[PDB]
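Chains as they are written, first to last, in the entry's author numbering: chain A, 737 to 785; chain B, 541 to 563, 570 to 589; chain C, 982 to 1030. Cβ atoms here follow ideal geometry from the backbone N, Cα and C, with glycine treated the same way.
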Amino acid sequence: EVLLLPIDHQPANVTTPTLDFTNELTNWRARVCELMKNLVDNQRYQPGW
Amino acid sequence: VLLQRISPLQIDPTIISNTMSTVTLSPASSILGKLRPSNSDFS
Amino acid sequence: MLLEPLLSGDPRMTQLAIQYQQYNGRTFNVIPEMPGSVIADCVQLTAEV
């Protein structure tokens, strides 16, 4: 009776906050952007700029 | 195509250009040239 | 440009503030207070009537 999904699911309501950090996709986007800020913060790893 | 013709979500790529509002190379314009928001093909 | 730079994101939970950061993590924020409004005051009064 069950259907395997690679994403966690929650009950469907409409007024979720746009900046919800409890779902794994928006949390994933936020952590990738934070790591690229850490990668670009000092100039090393990018000289010649 | 069946998942297209049902879904409430419409994929509308001008949200990226509206958040950028951009215009050597700049990193704000390089991601626009890389993502190509004029392309409407999300198969 | 009457609050056009506020509608590029979520208009529900809006807030206005600013900060800057030195090298050693030291952050200096400025959160200006929201002063009163007369248009919102009269809208709430008309809503009460």
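Worksheet item: Can the beta-carbon of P553 (chain B) be found less than 9 Å from the beta-carbon of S584 (chain B)?
Response: In the second sequence, counting from the first residue as 1, residue 553 (chain B) sits at position 13. In the second sequence, counting from the first residue as 1, residue 584 (chain B) sits at position 38. Yes, the Cβ-Cβ distance between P553 (chain B) and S584 (chain B) is below 9 Å.
Item to complete: Put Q1025 (chain C) into one of helix, strand or coil per three-state DSSP.
Response: Reading the third sequence from its first residue, position 44 is the one you call residue 1025 (chain C). If DSSP states are grouped into helix, strand and coil, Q1025 (chain C) belongs with the helices.
Discussion item. Count Cβ pairs between the region 771-784 of chain A and the region 1013-1027 of chain C that sit closer than 8 Å; are there 3 or more?
Written reply: no
Worksheet entry | the ligand FMN heavy atom lying under 8 Å from the CB of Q1025 (chain C) | Because no ligand of any kind appears in the structure shown, any question about the ligand FMN cannot be addressed here.
Discussion item. Check whether the region 983-992 of chain C and the region 1002-1013 of chain C are in contact - that is, three or more C-beta pairs closer than 8 Å.
Written reply: no
Discussion item. Looking at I556 (chain B): is its Cβ nearer than 9 Å to the Cβ of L543 (chain B)?
Written reply: Working through the second sequence from its first residue, we reach residue 556 (chain B) at position 16. Working through the second sequence from its first residue, we reach residue 543 (chain B) at position 3. The answer is no: Cβ separation not under 9 Å.
Worksheet entry | Contact set between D991 (chain C) and chain A, taken where Cβ atoms lie within less than 7 Å | The count along the third sequence starts at 1 and reaches residue 991 (chain C) at position 10. Chain A residues near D991 (chain C): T754 and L755.
Worksheet entry | DSSP-derived helix/strand/coil call for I1020 (chain C) | Taking the first residue of the third sequence as position 1, residue 1020 (chain C) is located at position 39. Of the three classes helix, strand and coil, the one that applies to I1020 (chain C) here is helix, per DSSP.
Worksheet entry | C-beta neighbour in chain A for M994 (chain C), strict 9 Å | Here residue 994 (chain C) is taken as the residue at index 13 of the third sequence, counted from 1. Yes, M994 (chain C) counts as interfacial toward chain A.
Practice prompt. Look at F757 (chain A) and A766 (chain A) and say whether their C-beta atoms are less than 9 Å apart.
Written response: As a working mapping, residue 757 (chain A) is identified with position 21 in the first sequence. As a working mapping, residue 766 (chain A) is identified with position 30 in the first sequence. Yes. Within cutoff.
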